[PDB]
Amino acid sequence: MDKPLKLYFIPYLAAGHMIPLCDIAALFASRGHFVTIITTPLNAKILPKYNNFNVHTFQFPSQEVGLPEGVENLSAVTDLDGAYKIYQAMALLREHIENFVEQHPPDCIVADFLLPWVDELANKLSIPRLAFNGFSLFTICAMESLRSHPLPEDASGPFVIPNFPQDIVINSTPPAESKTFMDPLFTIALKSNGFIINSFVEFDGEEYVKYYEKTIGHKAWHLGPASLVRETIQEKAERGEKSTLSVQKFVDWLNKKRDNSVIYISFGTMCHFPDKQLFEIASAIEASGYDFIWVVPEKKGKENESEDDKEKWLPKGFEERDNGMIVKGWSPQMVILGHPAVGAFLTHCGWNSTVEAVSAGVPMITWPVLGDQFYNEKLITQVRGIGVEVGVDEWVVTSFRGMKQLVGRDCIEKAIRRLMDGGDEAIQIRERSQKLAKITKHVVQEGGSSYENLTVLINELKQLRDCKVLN
Ligand SMILES: CC1(C)[C@@H](O[C@@H]2O[C@H](CO)[C@@H](O)[C@H](O)[C@@H]2O)CC[C@@]2(C)[C@H]3C(=O)C=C4[C@@H]5C[C@@](C)(C(=O)S[C@@H]6O[C@H](CO)[C@@H](O)[C@H](O)[C@@H]6O)CC[C@]5(C)CC[C@@]4(C)[C@]3(C)CC[C@@H]12
Ligand SMILES: O=c1ccn([C@@H]2O[C@H](COP(=O)(O)OP(=O)(O)O)[C@@H](O)[C@H]2O)c(=O)[nH]1
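Residues numbered from 1 in each chain as written, not as in the entry; some residues may be left out. Chains lettered and ligands numbered in written order. Heavy atoms only, no water.

Residues in contact with ligand 2 amount to 15 residues; listed here are only the nearest, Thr-269, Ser-331, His-348, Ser-353 and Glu-356. Contact between ligand 2 and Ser-331: an oxygen atom at 2.9 Å from a main-chain N or O atom of the residue. With respect to ligand 2, the backbone of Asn-352 contributes an N or O atom lying 3.2 Å from an oxygen atom. Considered on its own, ligand 2 offers 540 Å² of accessible surface; in the complex 92% of this is hidden by protein. Of all the secondary structure elements, the ones that give two or more residues to the shell around ligand 2 are helix 1 (15-30) and helix 15 (351-360). The greatest single-element share of the shell around ligand 2, amounting to four residues, is contributed by helix 15. Considering only residue class, the shell around ligand 2 consists of four nonpolar, nine polar and two charged. (Near = heavy atom within 4 Å. Polar contact = N/O pair within 3.5 Å; in protein donor to acceptor, adjacent residues only side chain to side chain. Areas by Shrake-Rupley, 256 points an atom, 1.4 Å probe, with all protein chains shown as cover. Helix = DSSP H or I, 4+ residues; strand = E, 2+ residues; numbered from the N terminus. Nonpolar A, V, L, I, M, F, W, Y, C, P; charged D, E, K, R; others polar.)

Right under this line is the structure:
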């Protein structure tokens, strides 16, 4: 504890994995250790500089992959080809990332599971390495249970998470493609010294800290929700990217509405719905009759469209009825969710949007799409009971307009009203969300669960540093 720790963080160029890992590095920075993010210049611009907080940037190889100069992240990508370029750009940056880390070795490396070449880098440098995927520990347990007990290849439809601490049924089977990409990353990540989770034990469940530790044989570190590291308005409003609309424009409009009278609809980054699907969402939004903040990244840069191009995805007269805000880009989600007017959230069950909703105490309407979201759907609705389900069952591998099954407006509206109409069910769901909200307020504060986990994590990293100094 006499000298601080030198920690490097290598976040992947994805909004869901860049945002949380930098906030997690800000928790290390608040303790007095020298953190350092290693990413591209555009992704490091939005990062507020704390104490000890520094970045090391290598220029994004735009013309090497074939991208415009303004695209250095997966959130600005609207095509499956773009995700390949973001990955290929990460392969080219692998050279200079390894060289910089070899020239100035840190006390510890924290790297994403999407980059599995950090294993050789930390090994030859004989330094402790931490893995990060931004999933829930509950989901990580569920995906390692399917890896030990594979589903029959023919089987499809709902399935039970095998040999779990709690009987849980996921609504659809994962794609066979998902297994071939995920399993190599989990195996390399399990070769790491520890796993960093942007969650707290009161939410994932202690029976899964004991499941991951004793059944799988690996250490996890509940350090989140790291979104709580941003306290001011400017810290909450600038995340990953500058907001598209003025943050005060949202607040002045939300301040005029009642409490729990606004629905926030955002399927996160990397999810783009076809125009038919957006039409069903829009029809179900106006049919519910509730004010809404709808994030539509599918139509960013497509403002003042001709009447033909707008009727492809919106009912005629939808924008004339000013009962909501259609944001075609980044939204201050921490700000919008924090406002007392938002009382419901239509989510893709992404983990960042999930813990941010638990902090703000907003119940969630679940619409999972890919990745860890179909496990998160059941963590929201069955395990913790802070949300209702739409009832979707399409588990795509790519979400870039790839969905082949149309979710009807009668299905969406039915779920929207189950939380906005204030029924007897919705009342106690919002009570269980407020119970977790009060707990979440001080899990990163002194004495909390995730706070003390970071205290233990630092001490063990300091120990390993003191052992290397002997040699
Ligand atoms: C196969 C390919 C298209 C890949 O192309 C290959 O590249 C290698 C490079 O050496 C070559 O050797 C091959 O010949 C070939 O060209 C490029 C892109 C790519 C890698 C994958 C990809 O970009 C992302 C995912 C992604 C992984 C995962 C675990 C995430 O964590 S995504 C992440 O978090 C959440 C998760 O829900 C997202 O919502 C966030 O926005 C953020 O992106 C799960 C989801 C997903 C989409 C699974 C597929 C893949 C591994 C993908 C698209 C497979 C295809 C692959
Ligand atoms: O318009 C948007 C879209 C996304 N986000 C942020 O992007 C992250 C989305 O992460 P999540 O894991 O929920 O979705 P994923 O990016 O994995 O699809 C969260 O921090 C959101 O607050 C935001 O602030 N505004």
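The environment of ligand 1 is made up of 16 residues, and the closest members are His-17, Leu-74, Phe-113, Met-270 and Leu-370. Contact distances for ligand 1 include 2.7 Å between an oxygen atom and a side-chain N or O atom of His-17. At 3.5 Å from an oxygen atom of ligand 1 is found a side-chain nitrogen or oxygen belonging to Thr-269. Within the complex, the protein chains bury 67% of what would otherwise be the 970 Å² of accessible surface of ligand 1. Put simply, the parts of the chain that give the shell around ligand 1 at least two residues each are helix 4 (80-103) and helix 7 (176-190). With three residues, helix 4 is the single largest residue contributor to the shell around ligand 1.

Tallied over the full model, the rule gives 22 aromatic pairs. Look at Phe-267 and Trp-367: their rings are 4.9 Å apart centre to centre, the planes differ by 85°, and that puts the pair in the edge-to-face class. Here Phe-267, found in the loop between strand 10 (262-266) and helix 12 (275-288), pairs with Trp-367, found in the loop between strand 14 (364-366) and helix 16 (373-383); they are 100 residues apart in sequence, far enough to count as distant. In this structure, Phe-267 and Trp-367 share a single accessibility class: buried. Ring geometry for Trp-294 and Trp-313: centres 6.3 Å apart, planes at 65°, overall edge-to-face. (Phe/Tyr/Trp six-rings, centres within 6.5 Å; stacked < 30°, edge-to-face > 60°. Buried < 20%, exposed > 50% of the residue type's maximum accessible area, 1.4 Å probe, protein only.)

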